Structures are given as structure tokens and as C-alpha cells.
Number of protein chains: 4
Amino acid sequence: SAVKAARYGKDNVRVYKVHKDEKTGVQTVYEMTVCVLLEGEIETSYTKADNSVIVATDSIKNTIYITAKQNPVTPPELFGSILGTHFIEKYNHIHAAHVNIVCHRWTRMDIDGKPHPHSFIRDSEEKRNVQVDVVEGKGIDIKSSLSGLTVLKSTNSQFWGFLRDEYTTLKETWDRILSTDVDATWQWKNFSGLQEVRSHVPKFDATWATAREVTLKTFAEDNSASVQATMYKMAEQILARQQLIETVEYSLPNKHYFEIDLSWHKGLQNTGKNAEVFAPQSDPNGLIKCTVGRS
Amino acid sequence: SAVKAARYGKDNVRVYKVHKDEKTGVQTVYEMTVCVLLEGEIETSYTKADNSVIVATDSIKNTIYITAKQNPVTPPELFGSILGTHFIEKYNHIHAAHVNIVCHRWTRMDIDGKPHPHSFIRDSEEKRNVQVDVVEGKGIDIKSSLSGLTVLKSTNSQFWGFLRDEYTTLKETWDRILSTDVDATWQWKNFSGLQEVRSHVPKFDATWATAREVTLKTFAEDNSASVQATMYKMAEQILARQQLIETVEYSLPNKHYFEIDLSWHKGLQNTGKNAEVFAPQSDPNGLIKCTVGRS
Amino acid sequence: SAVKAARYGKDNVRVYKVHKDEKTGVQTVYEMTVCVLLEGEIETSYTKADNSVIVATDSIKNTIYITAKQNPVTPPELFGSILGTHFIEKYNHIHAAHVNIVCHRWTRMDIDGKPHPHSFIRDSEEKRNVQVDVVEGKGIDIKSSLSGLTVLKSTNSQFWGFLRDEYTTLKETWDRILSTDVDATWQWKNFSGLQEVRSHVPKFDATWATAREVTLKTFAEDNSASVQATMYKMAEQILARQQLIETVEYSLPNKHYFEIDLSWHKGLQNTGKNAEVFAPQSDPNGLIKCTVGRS
Amino acid sequence: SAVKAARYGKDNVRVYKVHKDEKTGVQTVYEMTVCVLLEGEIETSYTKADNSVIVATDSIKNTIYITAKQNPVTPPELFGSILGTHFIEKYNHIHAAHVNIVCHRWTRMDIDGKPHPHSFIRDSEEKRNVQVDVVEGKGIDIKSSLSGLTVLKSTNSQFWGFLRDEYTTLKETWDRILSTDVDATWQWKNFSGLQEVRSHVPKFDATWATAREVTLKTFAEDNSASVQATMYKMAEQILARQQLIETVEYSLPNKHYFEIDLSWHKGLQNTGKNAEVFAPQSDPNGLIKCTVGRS
Ligand SMILES: O=c1[nH]c(=O)c2nn[nH]c2[nH]1
Ligand SMILES: O=c1[nH]c(=O)c2nn[nH]c2[nH]1
Ligand SMILES: O=c1[nH]c(=O)c2nn[nH]c2[nH]1
Ligand SMILES: O=c1[nH]c(=O)c2nn[nH]c2[nH]1
Ligand code: NA
Ligand code: NA
Ligand code: NA
Ligand code: NA
């Protein structure tokens, strides 16, 4: 037998950082969960019990904290690139670092219509994420995403004209509820190294904001023919607005809300045009994916 | 042996309702999870296998949907009171109904600075809840709450002057992070029945809003001497603003963020006044409770 | 306003302890999650910012570890009583301690039909729990429980003869699936203090084992007329086998498995006597409770 | 823009099946969660709102139930292959089916030392899984796995001789706790189609059993030099015992249990050779992966 692939590191490293403006008194907080996995010439730790090649996962944890102390943690695309580059440059025998960052929301509170200098609220479990792969001699590959964005529209969704055969019971509809949890990922063109990532720093927050705005507006305004058709519209617009993105991937559950026939009870009308009360279904759920790239 | 207490019913009943304004085209959605448990002369179902006394839990589920079809579902204090009253009036041998409702957020989307007529976002997992106990001959007892309100302040929290003995290692501090998940419950004076609950309908949403506002403002503005002292201030203000509330209960975890000493690494300074990077602790957590009533 | 009730302490304290037999080489592990909440003359910490009355929650955490170092941690009824007694005896102004312990399974591995001296498996998320309330001048109240015991029987469950009215759609049945997650609690007679708890030490593990065995056997062997009837049989037997128990409480969800009518597809028969494939329902679920005591 | 990749289907489809032996009265239950995602000539559903190419996800759900009615559901490798093959053969324009199955434990109860004919217990959240990819003209690729197998050993784990530099604080150790949740996957050689999968049916359950046994025995008996070294031993043995496996992949968290220094309290000794009470850490955790193949 032989080692075909190996990677190891530290997962679930929670990190908080505060920035204090001494001039204005305003404080800003960042909180993330970080995972770093390394690859390189480490096979002998598996095959020969040779620990001399192992950068201890405990040390990886220390390094994350030290790196956060000495560098900006925002945008996360930059922080992840700094962190990954550190490992491949510091250790001769480590040739790839894989950094995953989940950013948690701490949104500044408004108290009496004024932004508070040091108080924050977690407004939703929506996350902003990055996956950064730093590979020696091959540059930096960055995938940015948003996830956990949960939305619902109560009308202006349709689904008709699908294949019907002996396995089909679903009725065609011209008016249904559409609800989903959005997972959207945009993949950047490969960067040659840290200098190039630094040169594009302003684009990272701006593209996240654009991706979010396009997702929300398109969902709200599209008279949707299907999840497939609406998601493609979203992806098309993101690609049009940021030339440095190569592909956009969406993964959308279709979270079903079923009509409840109440006609058995005193002829109560609660279906079709008379539908008011519905039963949200926890499972199963449709799952629709697509990756859109350039012609 | 004898049955000392018994209750049974249906839990985890998910319900969605939409309201459509035909005049304006505006739609409003409500989504809840409902539990209804009944008590009464039902001992023989346990002791003698006498099912004749059992209103099937499946029927309880049907009743929830039918009641939602025929009545407003907001405020939840009213809906819960209607639902509970139904069971004690309809069934001679049922003498108490216990209704728990969890309301999920569906907040109308703003698209281009305009409220959208039929599109919604789940902005946070914060819930508004009610517990309604309807007891034949004893009226209606309502406890309203908010839960899952997660906040953090990065300064203006202190904790010093606590008991020190041979079990104590905690250092006194004049500047720390304070973060919690707020669970706040206000208990209404007993109501004589549905007519009285109806007479107070406007107070329910207004008191929820007040409870939320007082919680947020007090948390943000108090130079906190302890979780205990800050929570008492919150409760005092709610009681002062709504005379129909008898007690206010808060249950607050203290979600700890620890300093990280980095001095072992090149004398890096990251403690006390130099603290920038902290480690959020998943567990353990302080848990502080209090119930405040009138003199 | 006035403080009507207050309690505070530390939750989610994870503790592991190992016992090493030097003679045999055999090691035994225990892992628990502990919560301790205190009450007493602590109102001024809430109302006057007087921290002098506060035993810091951090110190409570230290005390749990120290107590586990110096005492047996099994049975949990004994450990909880030792821990609670400590606080009321050590601190003049603390008058009640409330200790909750969740015990996690680490079951010794069998390797080649022989018990291994130091290797363990988590066989299920079933827990054994205790709630111990130690109140100065009022003794020690102990509630022991098992929870998270998930079972299913595929036949020998019935449900017919229930109330039918205009809210009823459920069909009577003489053969259904019954599945539940068992939560069973037995409440001990009040103990005068630690000496009395110590005198009954052997009864704690034996009664847990009896409660588990009675639950499993009764579930498997009863031709069940309802969840209500089967659960009462369980409780009756536990009370008969341990005179020091005052009450037994069961709380059982009814986790529904629905028939799937496939007749629309080529006349496929999958209902009643021909039912083979079913759809487990995640929600809603029946919830049935009862507390059984002595005549 | 262009569609680069697309797949869609139904996730979280819960399925239960019962087998009844009329001769012996013995019943056996199977419960799974199934996901099926399809690929093929479906781009126009995204780009042109052409639903004519869509097999509705609702129909996919129906098909899962019908297939379970008409075929054995065990071993899951066979069921998944039948299910995936159905879609590529039935629909001209569907060219790949991706089937994921999670099998839940329902272990027959022993009552009074005798196996019960129709009563079952969920003994642990350990799962047996399959991923089956059926691709038209390219055969059937099957990855089998076990996951959620949680184990701990209290001694006979070491970790010393790792890289030490200015980022290192971890002390070398010759005696520590080792605990993990095992995720192990074995990848079968490509199969030409359903006939070939059928020909190897007995190997599926036998190889799962071998993988489990090798994992448990090796964990218990290895005087572990590191997670890396122990996991490689496991993988090597599985490959040696089943020639039809091409690769074995393990992914293991290192779930840390920390010593607690209690020396500050009355010189209490709880470190090194005197360590009895430890603090399980919820996060962070080491994460170690490896894929082992043939020379
Ligand atoms: O078994 C281990 N492997 C590792 O790579 C490691 N790093 N810290 N502790 C460790 N333990
Ligand atoms: O065992 C049951 N008890 C009940 O109260 C009930 N209601 N519906 N189905 C039921 N099954
Ligand atoms: O606000 C606090 N209250 C407490 O009771 C406590 N105990 N430790 N830290 C604490 N912080
Ligand atoms: O938008 C949808 N897309 C689909 O593929 C589908 N299948 N059933 N319902 C559906 N809705
Ligand atoms: Na390198
Ligand atoms: Na009544
Ligand atoms: Na006392
Ligand atoms: Na095909």
C-alpha cells in the first residue's frame, strides 16, 4: 500500500478580533471560525511513525492567533491568503495550505436612530465564507461564498410544463410559494501570489455585496418559471458585473409548503385561489445546483 | 398506583398563513410552530385502555389548521387563547389546554429602498413566543417571551468585588467583553376569558416591542457592573411601562471570550489594554436568572 | 420592583474522570456535563450592584473539578449530593444548590470476545441524568432519569375506539408501527442529608437498571392499546420494585410512520396488510405524558 | 454565459421498509435517508425556462418509494445501483444519477436473552452509507462508508518528536487520551453495470463488517505514535482483506481532553502521572485525513 493523498491540520478554531479607533471611540468586531489543513512531504508520519515532519496541529492553532494579531482579518479573502502563504513559505516541506473561513455576523446596533460605538447584534445566521488554496508554484485559488440566506416569496412562482409519465403525481401550478436557503459561490481567477491578492483588495467586499444584492433582487422580482430558471438569471448577472470571477455556483433547496385540503370539514375552502393556511414540510426537499461560467 | 398528572397532545405542528390585501396587492406571511397539550378526565385511557376519552392527537393537529383558517393568527397571545378556549368549550371532559407557540421571523424585503409586496427574509433566529394556559373556571394565563436575541458589547462591562476564597482564580476586571443570548418572559395578569383577552389586543404587540427596545437600549448603554445588575435594570423598566404585567423573568448565559497571552512568542502583547485577539469559548458558560415582580 | 426569585451559576461544564486499577491494569472512564445553580441571600447583586455576595461562576467551575478529584463521581446521585451540599455548607448566605448532571455513555469495547482494559465506544446517545436539589434545612431531593432511548416495534400496536367528531380524519387501526424516544424520571423520597444518601448508594444503579429493563421489556411485549396504556404499565412496575421511589414520570413522543398509497402506479398494493414501505414523519409528533404515584 | 455543470433532484427522502417472514413470525426493519441527483441534457431548463426536460423532483421521490417496494433495499450498494440505473435507462436525456444513502441503525432487542421478533433499538448514531454514481456508458462507481463511530482510549497513545519552532507550545507526551469520530470510506473498483454489482452482492456486507472490525481492533490495540500512524495501519489491513477495493480514506478528528492543573488549590496533584480529572474540549479539534491505495 501507498499514501495517495494526505492532509491534516486544525478545524473549528474560533477567533474574535476588535479594532478600536482611539480618535472616534468607535469599536468594530470580527468573529470567524477557521480551518487550516496542510499538505506536503508528510507521508512518513503515516507510514513510518516519523513525527519530525509534523507541524503540530496545536502550533497551527497558535499561528492562526498570531497571524490575526499582526494582520488585518478583513476582507477574509486577504486574511486567508496571508495565513496560507505563511505555511508554504515558513516550512520547506509543506507545499499546500487549505484555509476555510466562516465569518459570523456582528452588526452594529442602532440605538435611538444612532449607530452605537461598541454594541452589536447577530442579525441572522447568514455567513460569508472563503476557501483559499495556496499551492507552492501554482499561486492562490480563492472561492468566496455566502450561505444561510433564507428567503420566501408568497406568490409569483410557477411550475408547469414538466415531464409527465407513470411516475408523476405532481399537479402543474401557476401560483405557489417559493422558499430557499441560498448557498452561492464565486470563484476568482487564479492569483499569482500575495502581491496580486493585495492589489485587488477593494473588489472582495464589493463583489460580496453585489452577489448578495443580485440574489435578493432577482429572487424578489423574477416571475419564476422554476428554481433552475431563476438561479441562472442570478449567476448571469454576477458574471456580468465582475470580470475577475470565472464561475458562479448556486446550490438551492426547494423548501416545500403544501396546501391543506380542509373541504372534509364543513366544506371549508383552502385550496387553489382560496389557499391561506399551508403546512411547511421539513423533508424531503428539492435540491437544485448549477455552475455558470463564461462562453 | 394512581395517575397523579397527565397531559397529551400534538407537538411541532408547523403552520404558515398568508394574508392578501386585494386593494393594495400587498401580502403578509406568518409562520409558527405550535404545541397543544390537553388535560382533563382522561385517566382511564392510561389505566383501563379506554380510548373513548381521547381526542386523537391527529384531530388536535386538524383543529390547529382549521382554527388558523377561521381566525387571525396575530397577535399570538390572541390566537393561543382562541385555540385553548376551543378545546375546553368543545369537550365536556377536557378541563385545561396548554398552548405553546413559537413565531418565526419573515421580515419584508426592501428592494431599492422600497418594501416589496410579497418577498421576505429570515433576519435571525430570534423568536417571539407565547405560552397560554386555559383552565376551565380559572381563566387564561399568558406568558409572552422573546428568545434567541444574541448580542455582544466589546467594552463597558466590568466585574470586580466578588467573593474571593481558596476556590477562586478569576481576576477582577474593569473592561471585558459581554455577550449573551437573551431569553425574556413577561407574565400577564390572569384574564377572565376570551372577551377580556380581546379587549387588550393592542397591548400585546406594543409590549413585545417595548420589551425588545428596553433590552437592547439597556444592554448597549449600561456600564455594566455584572450580568445580574444589568438584567435587573431591564426588568425594572418593563414593569414600569406596562401595568398589566405581573412579573418579568430573564435567563441570560454569559458567553465567555478569553484573552490569549501571546507573550511567549517574540514578546507579543495581547493582554489587558493591548488585547485585540480573543478566543470565544463554546463551553462552559455562566447562567444567570432572575424573576422581578411588583413591591 | 422587587426580586421574587433568583438563581445563577455555571452550565455546560464538561468533566471526564478516569479510574486506574493498578492491580489489574483495567481503566474505567466517566464523562458528564454538569450544571450548578445557586440561590440564597444574593438579591443585592441584582439591585445594588453588590458583587460581595457572588461566588463567581468561574469559582463554581473550579469547585466542580476539585470535587470530582476528591470524590467518587458514581453513582451520579451521590456525586450531585456531595457537590450541592458543599455549596450550602461552605457559604453562609447560600441556601440552595441545584445540580444537574448528564452522564454520557462510554461502554467498554469487546475485542475478540474479551473486554478491553482501556478502550471504549459511545453506544448511543442515550443518557442517564440526575437533578439534585439541596436546600438548607429541607434535605436533598433527587430526580433520576434516562433519556434518549429510541425504540421501534413494527407490529403489536393498535389504536382504535377514540373519540370521533367533525374534527376527526384518523382511521382506526389494529396494526401499526410504534416508535418513541423514552424520557423516564423517578423521584426519590426526600433524604435528610448526605449520610442518608450514602446509606442508599447501592439502590441508585440498581433502580436505573430496573427502570431501563422494565421500559424495554414492557415496550417489546405489550400488545399496545395506546401509548397511554403502555406507559402506565411501565410506571406501575417500577413503583412496585422500588419502595423508595415516590413518583415515576414518562414523557413519550409518538414518532409517526405513514403508509404510502402506491395504487396510482400500476395498481401497486402498499396499504393495510400489504404495507411494506412507509414514510417516517419528522413532524408533527404526538406527545404523551403521565406522572404515576402511590395510591 | 454558459452552464458548465448542473444537477438537481430530491434530498432527505426518509424511507422505512419492513420484511415479514410468515414462516417464523420474525420481522426485520430497514430505515434510510436517500438523496438522488440527476445530470444530463437539461441545460435549457436553466437557460430557456424549458421545463419539458425536467423529471420533477416530486417524481424522483415517488420513484424512490416504488423502487423500494419492488426491490431489496439491502445491501445499500445494490439498492443504490438499482435506483441509479433506473433513471439513466428510463430517460433518454438523463445520463448520470448520483445516489446517496444513509442507513440508520435499528438493532433487534434482546429480551431475557432471546432476540425479539419485532422490537428494535437505535444503538448509536453510527451510520452506514453509500455513494453510487451511475454514468451512462461508464458503469457504476460505488463508495461505501461508515461514519459517526465514536471511540476513546484512556492510555496507550503518545505524541512526541514533532517539529518544534517559535510557534510551538505543545509539550511532548508519552501517555494521553485519544478520542475520535471515525469516518472511513472504501472505494470499489468500477463495475460495468447492474449484472456485475449483483455478482458481488455478498462482498458488500462482509467488507463493511471487516472495515468496522479492523477499525475497532487497531484502535484498541495500537500503541499509537500519532493519529496519522494508527489510521494508516487500519487502511493497510482493509486493502489487504478485500481485493476489489481500490482505495481507503479515513477522516479523523482529534477530540482533545486537556489536563487540569489543580496545584493552586492546596497543592492538589492532577497532572502527568497523577492526572484523573480532565476537561473535554468542544473546539478546536485536530483533523487528520489520508487516502491509501495500492502500490
Ligand atoms: O496525533 C496527533 N497528530 C497530530 O498531527 C497532532 N498535532 N498536535 N497533536 C497531534 N496529535
Ligand atoms: O397512542 C396514541 N395515543 C394517542 O393519544 C393518539 N392520538 N392519535 N394517535 C394516537 N396514538
Ligand atoms: O457578570 C458576571 N456575573 C457573575 O456572576 C460571574 N461569575 N463569573 N463571572 C461573572 N460575570
Ligand atoms: O422549481 C422546481 N424545479 C424542479 O425541478 C421541481 N421538481 N418539482 N417541483 C419543482 N420545482
Ligand atoms: Na514550502
Ligand atoms: Na370542558
Ligand atoms: Na449556607
Ligand atoms: Na439515459
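Here the Cβ positions follow ideal geometry from the backbone for every residue, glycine too, while neighbour counts run over all protein chains shown. Values quoted throughout were computed directly from the atomic coordinates according to the rules given, and no laboratory measurement underlies them.
Taking the numbered list (1) more than 14 Å from chain C (Cβ to nearest Cβ); (2) over 21 Å from the mean Cα position of the chain (by Cα) in turn, residue D:247 passes all entries but (2).
Could we say that residue B:56 is surrounded by 20 or more Cβ atoms within 10 Å (Cβ to Cβ) and of a type in the set (A, V, I, L, M) here?
Numbers: surrounded by 20 or more Cβ atoms within 10 Å (Cβ to Cβ): yes; of a type in the set (A, V, I, L, M): yes.
Answer is yes for this residue.
Condition (residue is within 18 Å of residue B:166 (Cβ to Cβ), away from ligand 5 (no atom under 16 Å from the Cβ) and touching a strand residue (DSSP E or B) at 6+ places or on another chain (Cβ under 9 Å)) applied to segment C:71-81: is it met by at least one residue?
Pass one, segment C:71-81, residues within 18 Å of residue B:166 (Cβ to Cβ): C:71.
Next cut, away from ligand 5 (no atom under 16 Å from the Cβ) only: C:71.
Pick out the ones that are also touching a strand residue (DSSP E or B) at 6+ places or on another chain (Cβ under 9 Å) and you get none.
Within segment C:71-81, not a single residue is within 18 Å of residue B:166 (Cβ to Cβ), away from ligand 5 (no atom under 16 Å from the Cβ) and touching a strand residue (DSSP E or B) at 6+ places or on another chain (Cβ under 9 Å).
Counting the residues of segment B:139-164 that are more than 25 Å from residue A:17 (Cβ to Cβ), among the charged types (D, E, K, R) and touching a residue at least 24 places away in the same chain (Cβ under 8 Å) gives 2.
Tally time: how many residues in segment D:282-295 are part of a loop (DSSP other than H, G, I, E, B) and either in contact with a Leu (Cβ under 8 Å, 6 or more places away or on another chain) or within 7 Å of chain A (Cβ to nearest Cβ) (or both)?
The first filter runs over segment D:282-295 and keeps only residues part of a loop (DSSP other than H, G, I, E, B), leaving D:282-284, D:294-295.
Subset that is either in contact with a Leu (Cβ under 8 Å, 6 or more places away or on another chain) or within 7 Å of chain A (Cβ to nearest Cβ) (or both): D:283-284, D:294-295.
The number of residues fulfilling the criteria is 4.
As for segment B:45-67, it holds at least one residue that is over 25 Å from the mean Cα position of the chain (by Cα), at negative phi, within 11 Å of another protein chain (Cβ to nearest Cβ) and away from ligand 2 (no atom under 16 Å from the Cβ).
With respect to the conditions (1) at the interface with chain D (Cβ under 10 Å from one of its Cβ atoms); (2) more than 28 Å from residue D:157 (Cα to Cα); (3) without any contact (Cβ under 8 Å) to a residue 24 or more places away in the chain, residue A:114 lacks only one, and its number is (1).
Residues of segment A:74-101 being part of a strand (DSSP E or B) and over 19 Å from the mean Cα position of the chain (by Cα), which ones?
Across segment A:74-101, the qualifying residues are A:94, A:95, A:96, A:97.
Under the condition of being assigned to a strand (DSSP E or B) and free of Cβ contacts under 8 Å to residues at least 24 places away in the same chain, the residues counted in segment A:6-27 number 6.
Scanning segment A:254-281 for residues that are surrounded by fewer than 19 Cβ atoms within 10 Å (Cβ to Cβ) and away from chain B (no Cβ under 11 Å) returns A:263, A:267, A:271, A:272.
Looking at residue A:86, is it in contact (Cβ under 8 Å) with a residue 12 or more places away in the chain and surrounded by fewer than 19 Cβ atoms within 10 Å (Cβ to Cβ)?
Values: in contact (Cβ under 8 Å) with a residue 12 or more places away in the chain: yes; surrounded by fewer than 19 Cβ atoms within 10 Å (Cβ to Cβ): no.
When the stated conditions are applied, residue A:86 does not pass them.
Can you find a residue in segment A:107-125 that is part of a helix (DSSP H, G or I) and among the basic types (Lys, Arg)? Step through it out loud before you land on a result.
Of all residues in segment A:107-125, those part of a helix (DSSP H, G or I) come to none.
No, because not a single residue in segment A:107-125 is part of a helix (DSSP H, G or I) and among the basic types (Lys, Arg).
I'd like to know if segment A:138-147 contains one or more residues that are more than 16 Å from ligand 1 (Cβ to nearest atom), closer than 30 Å to residue B:30 by Cβ and within 14 Å of chain B (Cβ to nearest Cβ).
From segment A:138-147, those more than 16 Å from ligand 1 (Cβ to nearest atom) are A:138-147; that's our starting set.
Subset that is closer than 30 Å to residue B:30 by Cβ: A:146-147.
Now narrow it down to the ones that are within 14 Å of chain B (Cβ to nearest Cβ): A:146-147.
Yes; the residues of segment A:138-147 include at least one that is more than 16 Å from ligand 1 (Cβ to nearest atom), closer than 30 Å to residue B:30 by Cβ and within 14 Å of chain B (Cβ to nearest Cβ).
Here segment B:148-177 is the region considered, the condition is being within 14 Å of chain A (Cβ to nearest Cβ), among the hydrophobic types (A, V, I, L, M, F, W, C) and outside any loop (DSSP other than H, G, I, E, B), and the residue that is nearest to residue A:28 (Cα to Cα) is B:152. For segment C:208-224, the condition holds for no residue, the condition being that it is away from ligand 6 (no atom under 16 Å from the Cβ), in a strand (DSSP E or B), in contact with a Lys or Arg (Cβ under 8 Å, 6 or more places away or on another chain) and of a type in the set (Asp, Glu). Condition check for residue D:41 on (1) surrounded by 21 or more Cβ atoms within 10 Å (Cβ to Cβ); (2) of a type in the set (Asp, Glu); (3) farther than 23 Å from residue D:78 by Cα: one failure, at (1). Scanning segment A:246-278 for residues that are within 16 Å of residue A:173 (Cβ to Cβ) and outside any loop (DSSP other than H, G, I, E, B) returns A:254, A:257, A:258, A:259, A:272, A:273, A:274, A:278. Being closer than 20 Å to residue B:5 by Cβ and either within 14 Å of chain D (Cβ to nearest Cβ) or touching a residue at least 40 places away in the same chain (Cβ under 8 Å) (or both) is the filter here, so list the residues in segment C:217-236 that pass it. Answer for segment C:217-236, where residues must be closer than 20 Å to residue B:5 by Cβ and either within 14 Å of chain D (Cβ to nearest Cβ) or touching a residue at least 40 places away in the same chain (Cβ under 8 Å) (or both): C:226, C:227, C:228, C:230, C:231, C:232, C:234, C:235, C:236.
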